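Trainee: What follows is target_28.cif, made up of mmCIF, N, CA and C atoms and all ligand atoms:
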data_structure
loop_
_atom_site.group_PDB
_atom_site.id
_atom_site.type_symbol
_atom_site.label_atom_id
_atom_site.label_comp_id
_atom_site.auth_asym_id
_atom_site.auth_seq_id
_atom_site.Cartn_x
_atom_site.Cartn_y
_atom_site.Cartn_z
ATOM 1 N N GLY A 512 25.737 25.584 -1.361
ATOM 2 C CA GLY A 512 26.481 24.421 -1.815
ATOM 3 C C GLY A 512 25.673 23.167 -2.073
ATOM 4 N N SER A 513 25.778 22.214 -1.157
ATOM 5 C CA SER A 513 25.321 20.861 -1.406
ATOM 6 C C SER A 513 23.807 20.754 -1.231
ATOM 7 N N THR A 514 23.264 19.606 -1.619
ATOM 8 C CA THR A 514 21.836 19.356 -1.473
ATOM 9 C C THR A 514 21.493 19.290 0.010
ATOM 10 N N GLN A 515 20.235 19.576 0.347
ATOM 11 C CA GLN A 515 19.820 19.584 1.744
ATOM 12 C C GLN A 515 18.419 19.035 1.951
ATOM 13 N N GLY A 516 18.239 18.336 3.065
ATOM 14 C CA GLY A 516 16.950 17.811 3.461
ATOM 15 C C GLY A 516 16.150 18.788 4.307
ATOM 16 N N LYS A 517 14.868 18.478 4.486
ATOM 17 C CA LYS A 517 13.949 19.306 5.254
ATOM 18 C C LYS A 517 12.641 18.551 5.386
ATOM 19 N N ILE A 518 11.879 18.850 6.434
ATOM 20 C CA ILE A 518 10.597 18.203 6.684
ATOM 21 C C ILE A 518 9.524 19.247 6.398
ATOM 22 N N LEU A 519 8.325 18.802 6.020
ATOM 23 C CA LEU A 519 7.206 19.699 5.755
ATOM 24 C C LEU A 519 5.893 18.982 5.984
ATOM 25 N N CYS A 520 4.843 19.774 6.178
ATOM 26 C CA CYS A 520 3.498 19.264 6.377
ATOM 27 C C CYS A 520 2.490 20.158 5.677
ATOM 28 N N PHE A 521 1.438 19.526 5.197
ATOM 29 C CA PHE A 521 0.347 20.150 4.478
ATOM 30 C C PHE A 521 -0.939 19.772 5.172
ATOM 31 N N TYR A 522 -1.939 20.643 5.110
ATOM 32 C CA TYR A 522 -3.179 20.261 5.750
ATOM 33 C C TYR A 522 -4.291 21.077 5.151
ATOM 34 N N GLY A 523 -5.462 20.467 5.088
ATOM 35 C CA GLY A 523 -6.614 21.096 4.507
ATOM 36 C C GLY A 523 -7.696 20.092 4.201
ATOM 37 N N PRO A 524 -8.790 20.559 3.608
ATOM 38 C CA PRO A 524 -9.913 19.678 3.355
ATOM 39 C C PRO A 524 -9.517 18.566 2.410
ATOM 40 N N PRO A 525 -10.077 17.371 2.570
ATOM 41 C CA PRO A 525 -9.653 16.252 1.733
ATOM 42 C C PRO A 525 -9.994 16.529 0.284
ATOM 43 N N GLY A 526 -9.150 16.039 -0.608
ATOM 44 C CA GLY A 526 -9.398 16.211 -2.019
ATOM 45 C C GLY A 526 -9.064 17.571 -2.584
ATOM 46 N N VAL A 527 -8.270 18.378 -1.887
ATOM 47 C CA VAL A 527 -7.835 19.661 -2.432
ATOM 48 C C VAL A 527 -6.746 19.548 -3.477
ATOM 49 N N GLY A 528 -6.173 18.367 -3.679
ATOM 50 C CA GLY A 528 -5.068 18.178 -4.603
ATOM 51 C C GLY A 528 -3.688 17.978 -4.008
ATOM 52 N N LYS A 529 -3.565 17.848 -2.685
ATOM 53 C CA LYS A 529 -2.280 17.696 -2.002
ATOM 54 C C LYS A 529 -1.294 16.718 -2.646
ATOM 55 N N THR A 530 -1.645 15.418 -2.684
ATOM 56 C CA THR A 530 -0.694 14.422 -3.184
ATOM 57 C C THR A 530 -0.272 14.733 -4.609
ATOM 58 N N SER A 531 -1.187 15.297 -5.391
ATOM 59 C CA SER A 531 -0.854 15.596 -6.765
ATOM 60 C C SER A 531 0.266 16.609 -6.804
ATOM 61 N N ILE A 532 0.303 17.535 -5.832
ATOM 62 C CA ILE A 532 1.381 18.503 -5.896
ATOM 63 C C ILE A 532 2.620 17.777 -5.480
ATOM 64 N N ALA A 533 2.473 16.731 -4.650
ATOM 65 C CA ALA A 533 3.650 16.060 -4.137
ATOM 66 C C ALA A 533 4.418 15.534 -5.325
ATOM 67 N N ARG A 534 3.723 14.729 -6.121
ATOM 68 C CA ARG A 534 4.376 14.139 -7.270
ATOM 69 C C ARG A 534 4.826 15.197 -8.260
ATOM 70 N N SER A 535 4.068 16.284 -8.415
ATOM 71 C CA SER A 535 4.535 17.299 -9.347
ATOM 72 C C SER A 535 5.844 17.911 -8.879
ATOM 73 N N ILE A 536 6.007 18.085 -7.567
ATOM 74 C CA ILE A 536 7.281 18.608 -7.107
ATOM 75 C C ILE A 536 8.354 17.582 -7.327
ATOM 76 N N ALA A 537 8.010 16.302 -7.194
ATOM 77 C CA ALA A 537 9.037 15.280 -7.315
ATOM 78 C C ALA A 537 9.610 15.285 -8.722
ATOM 79 N N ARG A 538 8.761 15.551 -9.714
ATOM 80 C CA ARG A 538 9.258 15.709 -11.073
ATOM 81 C C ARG A 538 9.772 17.104 -11.348
ATOM 82 N N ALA A 539 9.550 18.051 -10.449
ATOM 83 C CA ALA A 539 10.156 19.361 -10.599
ATOM 84 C C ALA A 539 11.609 19.344 -10.185
ATOM 85 N N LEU A 540 11.865 19.031 -8.917
ATOM 86 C CA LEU A 540 13.233 18.937 -8.433
ATOM 87 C C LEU A 540 14.013 17.798 -9.060
ATOM 88 N N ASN A 541 13.327 16.768 -9.560
ATOM 89 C CA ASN A 541 13.843 15.521 -10.126
ATOM 90 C C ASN A 541 14.147 14.477 -9.057
ATOM 91 N N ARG A 542 13.776 14.679 -7.802
ATOM 92 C CA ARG A 542 13.981 13.607 -6.843
ATOM 93 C C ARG A 542 13.007 12.462 -7.078
ATOM 94 N N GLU A 543 13.417 11.269 -6.666
ATOM 95 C CA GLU A 543 12.557 10.095 -6.728
ATOM 96 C C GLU A 543 11.369 10.198 -5.784
ATOM 97 N N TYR A 544 10.236 9.667 -6.218
ATOM 98 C CA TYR A 544 8.983 9.664 -5.479
ATOM 99 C C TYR A 544 8.738 8.323 -4.804
ATOM 100 N N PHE A 545 8.055 8.340 -3.660
ATOM 101 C CA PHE A 545 7.622 7.078 -3.061
ATOM 102 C C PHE A 545 6.507 7.341 -2.058
ATOM 103 N N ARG A 546 5.283 6.932 -2.377
ATOM 104 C CA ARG A 546 4.187 7.082 -1.427
ATOM 105 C C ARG A 546 4.351 6.080 -0.302
ATOM 106 N N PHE A 547 3.834 6.423 0.876
ATOM 107 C CA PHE A 547 3.919 5.515 2.020
ATOM 108 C C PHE A 547 2.750 5.805 2.961
ATOM 109 N N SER A 548 1.653 5.080 2.803
ATOM 110 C CA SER A 548 0.560 5.272 3.743
ATOM 111 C C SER A 548 0.938 4.706 5.104
ATOM 112 N N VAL A 549 0.480 5.373 6.165
ATOM 113 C CA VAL A 549 0.672 4.907 7.537
ATOM 114 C C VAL A 549 -0.619 5.037 8.331
ATOM 115 N N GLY A 550 -1.754 5.194 7.656
ATOM 116 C CA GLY A 550 -3.007 5.317 8.368
ATOM 117 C C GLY A 550 -3.379 4.116 9.203
ATOM 118 N N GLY A 551 -3.571 4.340 10.499
ATOM 119 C CA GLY A 551 -4.068 3.311 11.386
ATOM 120 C C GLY A 551 -3.043 2.300 11.837
ATOM 121 N N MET A 552 -1.766 2.519 11.549
ATOM 122 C CA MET A 552 -0.750 1.559 11.936
ATOM 123 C C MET A 552 -0.501 1.600 13.434
ATOM 124 N N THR A 553 -0.052 0.463 13.954
ATOM 125 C CA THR A 553 0.466 0.329 15.313
ATOM 126 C C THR A 553 1.736 -0.511 15.372
ATOM 127 N N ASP A 554 2.140 -1.131 14.268
ATOM 128 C CA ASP A 554 3.296 -2.005 14.135
ATOM 129 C C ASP A 554 4.575 -1.213 13.930
ATOM 130 N N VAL A 555 5.300 -0.920 15.020
ATOM 131 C CA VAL A 555 6.571 -0.196 14.895
ATOM 132 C C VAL A 555 7.537 -0.959 13.992
ATOM 133 N N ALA A 556 7.388 -2.290 13.920
ATOM 134 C CA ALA A 556 8.234 -3.086 13.053
ATOM 135 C C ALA A 556 8.074 -2.651 11.608
ATOM 136 N N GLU A 557 6.901 -2.131 11.232
ATOM 137 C CA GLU A 557 6.737 -1.661 9.865
ATOM 138 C C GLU A 557 7.706 -0.522 9.576
ATOM 139 N N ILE A 558 7.952 0.328 10.577
ATOM 140 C CA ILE A 558 8.929 1.407 10.458
ATOM 141 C C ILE A 558 10.359 0.952 10.715
ATOM 142 N N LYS A 559 10.566 -0.252 11.275
ATOM 143 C CA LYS A 559 11.911 -0.701 11.631
ATOM 144 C C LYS A 559 12.174 -2.174 11.352
ATOM 145 N N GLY A 560 11.258 -2.891 10.711
ATOM 146 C CA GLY A 560 11.560 -4.279 10.440
ATOM 147 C C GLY A 560 11.528 -5.032 11.752
ATOM 148 N N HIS B 561 3.225 -16.903 2.478
ATOM 149 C CA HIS B 561 4.256 -16.761 3.488
ATOM 150 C C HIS B 561 5.587 -16.526 2.799
ATOM 151 N N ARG B 562 6.602 -16.264 3.613
ATOM 152 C CA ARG B 562 7.905 -15.787 3.163
ATOM 153 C C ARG B 562 8.663 -16.799 2.303
ATOM 154 N N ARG B 563 8.296 -18.082 2.362
ATOM 155 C CA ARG B 563 8.897 -19.288 1.797
ATOM 156 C C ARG B 563 10.068 -19.770 2.662
ATOM 157 N N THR B 564 10.558 -18.980 3.624
ATOM 158 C CA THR B 564 11.490 -19.507 4.612
ATOM 159 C C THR B 564 10.771 -20.076 5.824
ATOM 160 N N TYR B 565 9.484 -19.783 6.005
ATOM 161 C CA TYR B 565 8.766 -20.456 7.067
ATOM 162 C C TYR B 565 8.502 -21.875 6.624
ATOM 163 N N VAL B 566 8.441 -22.778 7.595
ATOM 164 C CA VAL B 566 8.081 -24.143 7.269
ATOM 165 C C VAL B 566 6.651 -24.161 6.740
ATOM 166 N N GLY B 567 6.438 -24.901 5.661
ATOM 167 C CA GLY B 567 5.102 -25.101 5.151
ATOM 168 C C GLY B 567 4.514 -23.942 4.381
ATOM 169 N N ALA B 568 5.315 -22.954 4.000
ATOM 170 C CA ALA B 568 4.792 -21.799 3.285
ATOM 171 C C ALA B 568 4.246 -22.188 1.916
ATOM 172 N N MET B 569 3.152 -21.544 1.515
ATOM 173 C CA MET B 569 2.565 -21.721 0.194
ATOM 174 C C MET B 569 2.084 -20.361 -0.282
ATOM 175 N N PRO B 570 2.020 -20.131 -1.591
ATOM 176 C CA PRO B 570 1.673 -18.793 -2.068
ATOM 177 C C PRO B 570 0.257 -18.398 -1.691
ATOM 178 N N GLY B 571 0.054 -17.097 -1.519
ATOM 179 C CA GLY B 571 -1.242 -16.510 -1.214
ATOM 180 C C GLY B 571 -2.374 -16.908 -2.142
ATOM 181 N N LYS B 572 -3.615 -16.601 -1.754
ATOM 182 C CA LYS B 572 -4.757 -17.156 -2.470
ATOM 183 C C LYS B 572 -4.717 -16.708 -3.931
ATOM 184 N N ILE B 573 -4.264 -15.463 -4.145
ATOM 185 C CA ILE B 573 -4.393 -14.843 -5.451
ATOM 186 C C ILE B 573 -3.577 -15.627 -6.447
ATOM 187 N N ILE B 574 -2.386 -16.069 -6.025
ATOM 188 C CA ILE B 574 -1.544 -16.719 -7.009
ATOM 189 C C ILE B 574 -2.250 -17.976 -7.487
ATOM 190 N N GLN B 575 -3.013 -18.622 -6.591
ATOM 191 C CA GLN B 575 -3.674 -19.846 -6.980
ATOM 192 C C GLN B 575 -4.731 -19.576 -8.020
ATOM 193 N N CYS B 576 -5.440 -18.446 -7.876
ATOM 194 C CA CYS B 576 -6.448 -18.139 -8.891
ATOM 195 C C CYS B 576 -5.816 -17.810 -10.222
ATOM 196 N N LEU B 577 -4.672 -17.135 -10.184
ATOM 197 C CA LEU B 577 -3.991 -16.831 -11.431
ATOM 198 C C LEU B 577 -3.448 -18.095 -12.064
ATOM 199 N N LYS B 578 -2.987 -19.016 -11.235
ATOM 200 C CA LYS B 578 -2.520 -20.298 -11.720
ATOM 201 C C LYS B 578 -3.656 -21.076 -12.339
ATOM 202 N N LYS B 579 -4.855 -20.899 -11.800
ATOM 203 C CA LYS B 579 -5.980 -21.734 -12.169
ATOM 204 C C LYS B 579 -6.622 -21.237 -13.444
ATOM 205 N N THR B 580 -6.896 -19.951 -13.507
ATOM 206 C CA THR B 580 -7.535 -19.423 -14.690
ATOM 207 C C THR B 580 -6.580 -19.289 -15.851
ATOM 208 N N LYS B 581 -5.275 -19.280 -15.595
ATOM 209 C CA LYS B 581 -4.205 -19.310 -16.592
ATOM 210 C C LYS B 581 -4.138 -18.109 -17.546
ATOM 211 N N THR B 582 -5.043 -17.146 -17.429
ATOM 212 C CA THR B 582 -5.047 -15.883 -18.146
ATOM 213 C C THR B 582 -4.530 -14.814 -17.203
ATOM 214 N N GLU B 583 -4.041 -13.718 -17.765
ATOM 215 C CA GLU B 583 -3.610 -12.595 -16.950
ATOM 216 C C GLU B 583 -4.751 -11.713 -16.449
ATOM 217 N N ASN B 584 -5.960 -11.798 -17.006
ATOM 218 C CA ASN B 584 -7.031 -10.853 -16.694
ATOM 219 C C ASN B 584 -8.339 -11.577 -16.418
ATOM 220 N N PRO B 585 -8.421 -12.259 -15.312
ATOM 221 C CA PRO B 585 -9.663 -12.932 -14.964
ATOM 222 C C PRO B 585 -10.590 -11.930 -14.334
ATOM 223 N N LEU B 586 -11.721 -12.376 -13.807
ATOM 224 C CA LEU B 586 -12.694 -11.530 -13.129
ATOM 225 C C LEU B 586 -12.739 -11.989 -11.691
ATOM 226 N N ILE B 587 -11.816 -11.491 -10.882
ATOM 227 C CA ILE B 587 -11.838 -11.855 -9.487
ATOM 228 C C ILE B 587 -13.102 -11.308 -8.891
ATOM 229 N N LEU B 588 -13.654 -12.025 -7.928
ATOM 230 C CA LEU B 588 -14.860 -11.614 -7.224
ATOM 231 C C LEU B 588 -14.615 -11.718 -5.728
ATOM 232 N N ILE B 589 -14.090 -10.673 -5.088
ATOM 233 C CA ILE B 589 -14.068 -10.703 -3.635
ATOM 234 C C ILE B 589 -15.508 -10.756 -3.206
ATOM 235 N N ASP B 590 -15.785 -11.558 -2.197
ATOM 236 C CA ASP B 590 -17.126 -11.796 -1.712
ATOM 237 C C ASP B 590 -17.207 -11.258 -0.304
ATOM 238 N N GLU B 591 -18.355 -10.680 0.013
ATOM 239 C CA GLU B 591 -18.728 -10.327 1.372
ATOM 240 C C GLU B 591 -17.661 -9.488 2.079
ATOM 241 N N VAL B 592 -17.273 -8.395 1.431
ATOM 242 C CA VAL B 592 -16.281 -7.481 1.989
ATOM 243 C C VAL B 592 -16.701 -6.905 3.332
ATOM 244 N N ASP B 593 -18.001 -6.761 3.573
ATOM 245 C CA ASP B 593 -18.461 -5.988 4.721
ATOM 246 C C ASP B 593 -18.015 -6.507 6.077
ATOM 247 N N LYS B 594 -17.863 -7.810 6.261
ATOM 248 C CA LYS B 594 -17.625 -8.366 7.594
ATOM 249 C C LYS B 594 -16.190 -8.820 7.799
ATOM 250 N N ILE B 595 -15.256 -8.284 7.007
ATOM 251 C CA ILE B 595 -13.854 -8.650 7.137
ATOM 252 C C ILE B 595 -13.378 -8.425 8.565
ATOM 253 N N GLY B 596 -12.639 -9.405 9.067
ATOM 254 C CA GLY B 596 -12.081 -9.454 10.404
ATOM 255 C C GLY B 596 -10.974 -8.465 10.682
ATOM 256 N N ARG B 597 -11.251 -7.431 11.468
ATOM 257 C CA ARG B 597 -10.281 -6.384 11.775
ATOM 258 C C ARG B 597 -9.777 -6.591 13.206
ATOM 259 N N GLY B 598 -8.776 -7.466 13.347
ATOM 260 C CA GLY B 598 -8.217 -7.802 14.637
ATOM 261 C C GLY B 598 -6.790 -7.314 14.836
ATOM 262 N N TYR B 599 -6.317 -7.542 16.063
ATOM 263 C CA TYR B 599 -4.941 -7.259 16.475
ATOM 264 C C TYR B 599 -3.874 -8.095 15.774
ATOM 265 N N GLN B 600 -4.218 -9.269 15.248
ATOM 266 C CA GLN B 600 -3.253 -10.182 14.624
ATOM 267 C C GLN B 600 -2.834 -9.758 13.206
ATOM 268 N N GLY B 601 -3.050 -8.509 12.804
ATOM 269 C CA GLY B 601 -2.655 -8.035 11.498
ATOM 270 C C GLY B 601 -3.971 -7.915 10.772
ATOM 271 N N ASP B 602 -4.352 -6.686 10.470
ATOM 272 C CA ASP B 602 -5.663 -6.411 9.922
ATOM 273 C C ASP B 602 -5.544 -6.625 8.419
ATOM 274 N N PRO B 603 -6.264 -7.586 7.828
ATOM 275 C CA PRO B 603 -6.275 -7.658 6.364
ATOM 276 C C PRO B 603 -6.742 -6.396 5.690
ATOM 277 N N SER B 604 -7.637 -5.602 6.295
ATOM 278 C CA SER B 604 -8.203 -4.454 5.587
ATOM 279 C C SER B 604 -7.128 -3.503 5.091
ATOM 280 N N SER B 605 -6.011 -3.401 5.806
ATOM 281 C CA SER B 605 -4.875 -2.714 5.224
ATOM 282 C C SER B 605 -4.330 -3.477 4.029
ATOM 283 N N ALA B 606 -4.378 -4.809 4.067
ATOM 284 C CA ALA B 606 -3.824 -5.559 2.955
ATOM 285 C C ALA B 606 -4.672 -5.369 1.715
ATOM 286 N N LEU B 607 -5.966 -5.129 1.874
ATOM 287 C CA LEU B 607 -6.743 -4.981 0.659
ATOM 288 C C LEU B 607 -6.378 -3.709 -0.081
ATOM 289 N N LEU B 608 -5.903 -2.673 0.622
ATOM 290 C CA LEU B 608 -5.661 -1.407 -0.061
ATOM 291 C C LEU B 608 -4.600 -1.530 -1.132
HETATM 292 N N1 LIG C 1 -5.631 22.485 -8.324
HETATM 293 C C1 LIG C 1 -5.541 21.215 -8.739
HETATM 294 N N2 LIG C 1 -4.671 20.865 -9.673
HETATM 295 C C2 LIG C 1 -4.574 19.601 -10.100
HETATM 296 N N3 LIG C 1 -5.324 18.597 -9.642
HETATM 297 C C3 LIG C 1 -6.238 18.812 -8.703
HETATM 298 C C4 LIG C 1 -6.387 20.165 -8.196
HETATM 299 N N4 LIG C 1 -7.337 20.114 -7.286
HETATM 300 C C5 LIG C 1 -7.762 18.836 -7.214
HETATM 301 N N5 LIG C 1 -7.099 18.052 -8.052
HETATM 302 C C6 LIG C 1 -7.353 16.611 -8.183
HETATM 303 O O1 LIG C 1 -7.840 16.084 -6.958
HETATM 304 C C7 LIG C 1 -7.469 14.717 -6.814
HETATM 305 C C8 LIG C 1 -7.048 14.354 -5.402
HETATM 306 O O2 LIG C 1 -5.889 15.107 -5.099
HETATM 307 P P1 LIG C 1 -4.707 14.658 -4.112
HETATM 308 O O3 LIG C 1 -4.252 15.719 -3.144
HETATM 309 O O4 LIG C 1 -3.708 14.011 -5.019
HETATM 310 O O5 LIG C 1 -5.453 13.543 -3.254
HETATM 311 P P2 LIG C 1 -6.193 14.084 -1.958
HETATM 312 O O6 LIG C 1 -6.847 15.270 -2.584
HETATM 313 O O7 LIG C 1 -7.063 12.953 -1.506
HETATM 314 O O8 LIG C 1 -5.132 14.510 -0.993
HETATM 315 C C9 LIG C 1 -6.327 14.507 -7.773
HETATM 316 O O9 LIG C 1 -6.754 13.583 -8.761
HETATM 317 C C10 LIG C 1 -6.093 15.843 -8.414
HETATM 318 O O10 LIG C 1 -5.862 15.780 -9.810
#
Once more with this new file: its structure as structure tokens, please.
Ligand SMILES: Nc1ncnc2c1ncn2[C@@H]1O[C@H](COP(=O)(O)OP(=O)(O)O)[C@@H](O)[C@H]1O
Mentor:
Amino acid sequence: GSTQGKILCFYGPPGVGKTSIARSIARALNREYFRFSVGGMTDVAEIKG
Amino acid sequence: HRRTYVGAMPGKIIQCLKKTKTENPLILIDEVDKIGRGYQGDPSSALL
């Protein structure tokens, strides 16, 4: 029936093409894309205002 | 700053854009190597 959510993770050597597949899937399913780096953060407010 | 804080003024970049009056100047960040990476909000994330 209806649309459904799910979580996933990818891992491997840097520069294998990961993010590129991300956006390609986003234009495959037609869902909207939005990158969000979180490297090195400690500000929970960034995740919650 | 947010402009709701008292005394807020636009960030440095807007001033350079205001000053050079063109859309495509040649910004020159200087001395990137010693940027202050502290607990008070690390600019190095802001540069990205
Ligand atoms: N199999 C592939 N198909 C398409 N692009 C690839 C492939 N392998 C590497 N790339 C290129 O590698 C670069 C980095 O890929 P990406 O996963 O988006 O970033 P990172 O690799 O840092 O995670 C991209 O510009 C992408 O085009």
Trainee: Mind giving me the straight-line distance from atom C2 of ligand LIG 1 (chain C) to atom CA of residue 529 of chain A in Å, one decimal?
Mentor: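 A separation of 8.6 Å between them.
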Trainee: Could the residues that lie within 6 Å of ligand LIG 1 (chain C), counting all atoms listed in the file, be listed as a ChimeraX atom specification?
Mentor: /A:525-532
Trainee: Find the spatial neighbours of residue 550 of chain A, counting only C-alpha atoms, within a cut-off of 12 Å - ignore same-chain residues fewer than 4 positions away - and output them as an MDAnalysis selection string.
Mentor: (chainID A and resid 554) or (chainID B and resid 604:605 608)
Trainee: Using only C-alpha atoms, determine which residues lie at most 12 Å from residue 543 of chain A, disregarding the query and same-chain residues fewer than 6 positions distant; provide the list as a PyMOL selection string.
Mentor: chain A and resi 533-537
Trainee: Report the residues of chain A whose backbone DSSP state falls under helix (DSSP H, G or I), written as a list in words.
Mentor: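 Residues meeting the helix (DSSP H, G or I) criterion: residues 529, 530, 531, 532, 533, 534, 535, 536, 537, 538, 539, 540, 555, 556, 557, 558 and 559 of chain A.
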Trainee: Please, what distance in Å, to one decimal, runs between atom C of residue 522 of chain A and atom CA of residue 553 of chain A?
Mentor: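 One can read the atom C of residue 522 of chain A to atom CA of residue 553 of chain A distance as 23.6 Å.
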Trainee: Tell me, in Å to one decimal, how far atom C of residue 576 of chain B is from atom N of residue 598 of chain B.
Mentor: 25.9 Å
